[PDB]
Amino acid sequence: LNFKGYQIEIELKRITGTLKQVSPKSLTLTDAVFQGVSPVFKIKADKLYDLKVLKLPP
C-alpha cells in the first residue's frame, strides 16, 4: 500500500523528487529539483495539475 520512495514528477513549473508521504490533501518530497534542489518540499494537491511516476526504489 505504501509507495514512498518512488521517483516522482509534478507540474503546473515542474518538480521532481522522492516521495516522502502522500495523503488525500498533501504530498511531501525530498531532494526536490526545481525547474533548484531542496532537502524537503511541501506541496498540496491543490497546486498539482498532474502527476507521473517513472522509477522505483527496488
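Numbers follow the displayed sequence, beginning with 1.
- The gap between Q35 and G36 holds 1 to 3 unmodelled residues of the deposited sequence.
- The segment from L12 to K13 is interrupted, since 1 to 3 residues of the deposited sequence in that interval carry no coordinates.
- When the modelled residues of the chain are ordered by their C-alpha B factor, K55 lands in the middle third.
- Ranked by C-alpha B-factor against the other modelled residues of its chain, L19 falls in the highest third.
- Sorting the modelled residues of the chain by their CA temperature factor places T28 in the middle third.
- In this PDB entry, the Cα temperature factor of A45 sits in the bottom third of its chain's modelled residues, the lowest group.
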